[PDB]
Structure formats: C-alpha cells, structure tokens
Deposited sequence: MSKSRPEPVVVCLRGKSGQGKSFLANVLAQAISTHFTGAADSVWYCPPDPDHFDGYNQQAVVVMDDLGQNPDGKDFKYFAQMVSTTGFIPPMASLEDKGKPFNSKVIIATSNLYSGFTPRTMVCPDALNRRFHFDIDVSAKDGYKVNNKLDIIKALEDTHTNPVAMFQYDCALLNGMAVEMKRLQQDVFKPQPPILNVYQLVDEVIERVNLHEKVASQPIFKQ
C-alpha cells in the first residue's frame, strides 16, 4: 500500500560509533525529507502504545535483539511486514493510523557471521587515530577540519568523512556484491536514493488514476 520502509542496521563494538552514527543518520534523513532534524521517533523499551508516533520520517530502535523476551523483534517484524502494520495507539483519534515511516534504523550488538530484511547492514568500528581505551574518541572525531561542509551538515569532521570510523558493509550475496559504503556522507546519499526509489514505485501509477 504505502511506501516500503528502508531498513538500516548499524552494528559493531560497544562505544565505537554505531550509536552516534544511528543518531546522525536519523537526523540527516529527517532533514533531507522534512527540512529539519526532528522527524525521528525513538522506539521506547516497551512498545506499549507507540506514544508520540506520528508517521515520522525515521524510526530508531536501539540495541535491537538485546532483551531475551524479545518485544523489539516482534514490532520490528511487523514494521517490515508484507501487510500494512497498524501500530497500537492510545487515543481513539489515532487508532487505525498506518505505520508510515521512510527509514527504520536499528543499532545492534549482535554478531553476524531477519538479517535479510536489512537494505543496509554495516559494522562500525573506531580507527586507530580516533580510538581511546577501546572506544571512539568522539571529541577528536567531532573536531572541525575546516573543510567545506556537505549537504545538510554544518561542518566537516572525521566522524562524518570516514577518518574516525570504519564502515564494513555486510553483504547478502557473494559474487553479486553491493558496493562498499565508506563514510556517513555516502551512507546518507545511499539511503536517500533508496527511499526515493521506494516512494516513486509507490506513488507513480502503472495505470492512469
């Protein structure tokens, strides 16, 4: 019915970037499609009634798969359902409103040797020049390079341009490999391009309507 969501998984070692990149990507995508960074809904620990969900551009799910009881997988599975997920809402006014977000971004601490539902699956690690006691040195990674800024980003820094963090795209096929994704700027453009495709196939009719 509505556009199929584009799904991004960012995984890797604790505190080596995946969470920071989740938040940067979410706000970047929100900004491209709505003009501002606030069309982001963060899935709460207990997806009881989807409080505050309003068809935001981006849904973020933290640490997907870390609660053994597994409420998070259940709703995630529906969001990327074949049928149109209708989230539970508290007020009669909002009940029945379809789930309609452009991008779902999950962070995960899980190893990858379900996953077939991710359009982008990326391991995030800190590079040596930006690594301090086994964690990303985020202060150094956010230092302004005074390079020309890019797209919606206000300045350039190692976190965004690829010097601070290593992205390793996890691939489904073996000799049909999707191209590498090497920094945030490129990841943002790849997700935008894929959302554009999903929305065009869902809005451009085959038959005159």
In deposited-sequence numbering, the unmodelled segments run 1-3, 117-127
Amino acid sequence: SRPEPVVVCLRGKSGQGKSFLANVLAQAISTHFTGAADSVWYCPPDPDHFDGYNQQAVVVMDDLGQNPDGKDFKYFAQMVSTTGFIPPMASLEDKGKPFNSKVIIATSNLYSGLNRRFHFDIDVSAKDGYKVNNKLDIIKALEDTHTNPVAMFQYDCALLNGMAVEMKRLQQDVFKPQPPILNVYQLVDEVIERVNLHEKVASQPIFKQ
From here on, numbers count along this sequence of modelled residues.
The stretch carrying the higher mean Cα B factor in the deposited entry, 116-124 or 91-99, is 91-99
Looking at the deposited entry, does 195-203 or 19-27 carry the larger mean Cα B-factor?
195-203
Can you tell me which of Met163, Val174, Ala151, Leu182 has the highest Cα temperature factor in the record?
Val174
Could you tell me which one of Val80, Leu110, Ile139, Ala106 shows the highest CA temperature factor in the PDB record?
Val80
Consider only the C-alpha atoms of the modelled residues in this chain, order them by B-factor as the entry records it, and name the third containing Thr145: lowest, middle or highest.
middle
Place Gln55 in the lowest, middle or highest third of its chain's C-alpha B-factors, as listed in the PDB entry.
middle
Going by the entry, which third of its chain does the Cα temperature factor of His49 land in?
highest
